[PDB]
């Protein structure tokens, strides 16, 4: 069978041996594990572009050890510019990237903005936490976060009360104490925060000054704010609740296996139906000339892959369709603790009475 080149890019300390641990499809994968030390735009662009010139790269599987959401953005850009599938399977590469390019072939192992907002409301209905406020930054997806909450709350016969919706500008200096003034408006026992991990550290520092992080105030945050659970910023408040992707049972060697399976199956299926697959781009520096000879045709296949009887499919926004989410709580020892599971649109909490 024909051979497709797949680059597995690993940023940070990882067991390549454990990762290196079957496909009887129309095409076969030629996997090359690649190390990368830096995560700036130049480094990522250069690494991928160099790999594409050397081998015939059909798709990329990317994993990183960082809390850098901008990695998803750099990858989306590369993917759309070179019409090459890139899968963000771990780290900042899997952090929500709202409004991916029209020409994007970038897919992420992680929950969408909408699913997380939905999970958040399920946690609230469980403990009868109906009175709340929303705080977001301009981090892309904020509009999607607020709208999902709003639409849900509107079409529900439950006594939901959305007190305030704050929008904070992080792009300017806070020499005027605007954020502080805005945060002072907050009176709700529950606060839904949608922003980045680096933005949350600032928000929380100010929220504390205004006495909004203690007992009586519960902050619920998305996956990206918690980021890497081993990096707990000092300013994060004790009792912080977050949604997390299963880092416990869905390990890195499994994700790499699944990444390879998606690219290989999608290629096999396209070849089986059209008697061709896309020719891997020889260069990044001819994208302008060559674009009438290229398309994102493989997306119709990458979005719908099934392997070992597992529905590996993706949403129209390039996020995993059916993830197992974990509900985490930042304890008194400043360590993240598992307090719930989000399975088959069903939430299963550890506690009936939420503890202090």
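Numbering follows the first chain given and starts at 1.
Participant: Can you count the deposited residues that have no coordinates between residue 21 and residue 22 and report it as none, 1 to 3, 4 to 9, or 10 or more?
Facilitator: Unresolved stretch here: 4 to 9 residues.
Participant: Regarding 59-67 and 320-328, which shows the higher C-alpha temperature factor on average in the entry?
Facilitator: Stretch with the higher mean C-alpha B-factor: 320-328.
Participant: Taking the mean of the C-alpha B-factors per stretch from the entry, tell me the winner out of 282-290 and 224-232.
Facilitator: Mean C-alpha B-factor is greater for 282-290.
Participant: Between 101, 169, 161, 199, which one tops the list for Cα B-factor in this entry?
Facilitator: Spelled out: the listed residue with the top C-alpha B-factor is 161.
Participant: Between 260, 134, 89, 210, where does the Cα B-factor run highest in the record?
Facilitator: Of 260, 134, 89, 210, 210 has the highest C-alpha B-factor.
Participant: Would you mind checking where the Cα B-factor of residue 254 ranks among the modelled residues of its chain, as the lowest, middle or highest third?
Facilitator: Within its chain, residue 254 is a middle-third residue by C-alpha B-factor, going by the deposited values.
Participant: Taking the chain's C-alpha temperature factors as the reference, tell me which third residue 35 falls into: lowest, middle or highest.
Facilitator: Within its chain, residue 35 is a middle-third residue by C-alpha B-factor, going by the deposited values.
Participant: Could you look up the Cα B-factor of residue 296 in the entry and say which third of the chain it sits in: lowest, middle or highest?
Facilitator: Its C-alpha B-factor belongs to the lowest third of this chain's values.
Participant: Pull the Cα B-factor of residue 127 out of the PDB entry and bin it into the chain's lowest, middle or highest third.
Facilitator: Top third by C-alpha B-factor.
Participant: Pull the Cα B-factor of residue 10 out of the PDB entry and bin it into the chain's lowest, middle or highest third.
Facilitator: Its C-alpha B-factor, which the entry lists for residue 10, ranks in the lowest third among residues of this chain.
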